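**Q** Here you go, one structure.
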Amino acid sequence: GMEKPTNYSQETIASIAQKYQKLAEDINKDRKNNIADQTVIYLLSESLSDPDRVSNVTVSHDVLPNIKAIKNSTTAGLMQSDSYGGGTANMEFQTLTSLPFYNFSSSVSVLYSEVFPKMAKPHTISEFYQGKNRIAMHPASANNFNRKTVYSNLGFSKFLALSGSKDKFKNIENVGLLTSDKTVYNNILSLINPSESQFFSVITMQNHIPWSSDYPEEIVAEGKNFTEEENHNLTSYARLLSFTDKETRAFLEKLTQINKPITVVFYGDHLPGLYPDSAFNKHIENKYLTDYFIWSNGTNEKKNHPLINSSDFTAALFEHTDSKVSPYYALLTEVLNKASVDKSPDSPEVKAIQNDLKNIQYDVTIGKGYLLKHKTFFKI
Ligand SMILES: [Mn+2]
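Now the structure itself:
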């Protein structure tokens with residue numbers, strides 16, 4: 443599951459718990475807000491990634507104009523994904539727990555099935571919200587990738603799904619072969635209670651393979667040396683992105699009219715699996731780089747984070763909203779800024795901060811659970 447760090451021990455965990463208890467206090471002398479005062483929406487946009495970064499691809503129209511405009515106005519950039527054309531629930535796991543996949547063993551396939559059940563009292567961004575205000579959504583089977591079990595153990599009062607739960611979507615409509623993002627967005631609006639501070643964990647389905655769309659007909663796409671099938675999949679996918687682009691803009695515009703501080707963490711989990719490796723040419727790294735933005739309905743700062751991991755979203759959320767952190771999220775803020783996927787793995791500073799994270803990550807998964815004795819490590 444995961445390798446034990448050489449220096450894993452009860453004292454090494456104590457050293458870490460104290461260090462970041464103090465760092466949390468220092469950071470908190472400058473952070474103003476409390477996360478529990480914002481309504482937060484974690485929005486996994488299935489397979490969303492700007493094809494402009496695919497070198498050998500040409501699209502007749504810009505299919506992500508609105509989303510790119512949103513990225514310019516607030517904290518936004520590229521997210522490094524751990525897989526290609528799949529692995530949805532693994533990125534999802536990393537956003538909630540902030541434990542990076544790249545520190546686990548490569549033999550792990552699905553974290554929701556092989557790690558989460560082995561976690562004693564998993565800590566998540568959702569724990570700062572009341573159970574009655576924790577909401578999950580996914581237009582498919584609630585049991586896919588063990589999600590129903592995950593959100594039950596996290597105390598979620600609702601899990602809207604096409605099947606496998608008491609909760610259902612309303613006014614279901616299809617764009618393409620699957621449930622539209624419009625349907626998902628409006629179901630989020632249907633449940634936003636301004637009197638309560640809520641947390642939403644959303645996993646869309648519109649742009650999940652297979653892709654079929656004949657409109658907008660003017661949008662056509664092609665790639666160098668693609669087959670007819672590859673070109674047609676790319677065209678259908680591009681057409682479907684154009685709908686998600688417009689509906690995402692509308693969705694955010696409707697959040698501006700709600701009297702409640704709302705922040706959205708939007709990101710594609712991975713590129714669609716419709717490109718051959720040749721499509722990337724001189725930049726094979728673009729095979730695993732999706733788009734993300736952290737956007738609030740009030741005024742938005744724009745923090746400089748052009749490349750981060752799915753596990754960095756919560757720490758970036760706290761920074762964007764100037765919210766006070768816990769000792770745990772103080773460590774994750776040190777990771778976000780000084781030891782994430784944008785830094786060299788050979789830097790001594792990166793190694794040190796990553797050693798702290800690995801010990802913590804080992805402790806709460808298949809380790810001894812020393813952190814149960816440091817009772818303030820996960821509290822603000
Ligand atoms: Mn996916």
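Taking the deposited numbering, the leading residue of the sequence shown gets 443, the next gets one more, and so forth.
Using N, Cα and C, we set each Cβ at its ideal position, and we do this for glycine too.
1. Need the endpoints of the alpha helix (DSSP H) that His762 sits in, please.
2. Straight-line CA distance for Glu453 to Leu774?
3. Can you determine whether any heavy atom of ligand 1 sits closer than 7 Å to the C-beta of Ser789, and answer yes or no?
4. Name, in chain order, the residues that DSSP records as bridge partners for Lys600.
5. Leaving out five residues on either side along the sequence, give the residues of the same chain with a beta carbon under 7 Å from the beta carbon of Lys474.
6. Could you check whether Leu620 and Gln648 sit closer than 8 Å to each other, using their CB atoms as the reference points?
7. With a cut-off of 8 Å on the beta carbons, I'd call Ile455 and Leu813 a contact; round off their distance for me.
8. Is the CB-CB distance between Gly606 and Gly573 below 8 Å?
9. When burial is assigned at 16 or more other CB atoms within 10 Å of the CB, is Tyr544 buried or exposed?
10. Where do the N-terminal and C-terminal ends of the alpha helix (DSSP H) with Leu520 fall, by residue?
11. Sorry if obvious, but does the Cβ on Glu488 come closer than 7 Å to a heavy atom of ligand 1?
12. Does DSSP classify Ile651 as helix, strand or coil?
13. Provide the residue(s) that pair with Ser487 in DSSP beta bridges, ordered along the chain.
14. Considering only their Cβ atoms, is the gap separating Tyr734 from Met521 smaller than 8 Å?
15. Going by the beta-carbon positions, is the gap between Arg681 and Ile661 smaller than 8 Å?
16. Whole angstroms is fine: what's the gap from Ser632's alpha carbon to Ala478's?
17. Examine the Cβ distances between the segment 799-818 and the segment 554-564 and report whether three or more of them are shorter than 8 Å.
18. Terminal residues of the continuous alpha helix (DSSP H) containing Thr625?
19. Can you give me the Cβ contacts of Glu615 inside the same chain, cut-off strictly under 7 Å, excluding the 5 residues immediately before and after it?
20. Less than 8 Å between the beta carbons of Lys608 and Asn629, yes or no?
21. Is the beta carbon of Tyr709 closer than 8 Å to that of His565?
22. What residue does the beta strand (DSSP E) around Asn728 start on, and which one ends it?
23. Could you pull out every residue in the same chain whose Cβ sits closer than 6 Å to the Cβ of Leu553, ignoring the five residues on either side in sequence?
24. So is the beta-carbon of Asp719 under 7 Å away from any non-hydrogen atom of ligand 1?
25. Residue range of the beta strand (DSSP E) that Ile750 falls in?
26. Just tell me which of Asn635, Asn498 and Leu485 has its CA closest to the CA of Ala578.
**A** Considering the structure as presented:
1. Segment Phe755 to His762, the alpha helix (DSSP H) holding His762.
2. Rounded to whole angstroms, the gap between the alpha carbons of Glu453 and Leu774 is 20 Å.
3. Not so, every heavy atom of ligand 1 lies at least 7 Å from the Cβ.
4. Paired residues: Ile577.
5. Counting only Cβ-Cβ distances below 7 Å, and skipping sequence neighbours, we find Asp764.
6. Result yes, Cβ atoms of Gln648 and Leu620 sit closer than 8 Å.
7. About 6 Å; that satisfies the 8 Å criterion.
8. For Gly606 and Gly573, no; Cβs fall outside 8 Å.
9. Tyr544 is exposed by the Cβ-count criterion.
10. Counting along the chain, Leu520 falls outside any alpha helix (DSSP H), though it belongs to the beta strand (DSSP E) covering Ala518 to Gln522.
11. Yes, the beta carbon of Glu488 sits closer than 7 Å to at least one heavy atom of ligand 1.
12. Three-state DSSP puts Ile651 in coil, outside helix and strand.
13. Partner(s): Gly710.
14. Taking C-beta atoms as the reference points, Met521 and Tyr734 count as a pair closer than 8 Å.
15. Yes, Cβ-Cβ distance for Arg681 and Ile661 is below 8 Å.
16. Those two C-alpha atoms are separated by around 21 Å.
17. With three or more CB-CB distances shorter than 8 Å, the segment 799-818 counts as touching the segment 554-564.
18. Looking at the DSSP string, the run of the alpha helix (DSSP H) that includes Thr625 is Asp623 to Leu633.
19. Here the set comprises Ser622, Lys624 and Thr625.
20. Contact: no.
21. Taking 8 Å as the cut-off, the Cβ atoms of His565 and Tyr709 do not count as close.
22. No beta strand (DSSP E) holds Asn728; DSSP gives it neither H nor E.
23. Same-chain partners within the cutoff: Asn532 and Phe535.
24. Taking non-hydrogen atoms of ligand 1 into account, the C-beta of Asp719 is found less than 7 Å away from none of them.
25. First-last of the beta strand (DSSP E) with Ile750: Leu749 to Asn751.
26. For the residues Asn635, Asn498 and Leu485, the minimum Cα distance to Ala578 belongs to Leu485.
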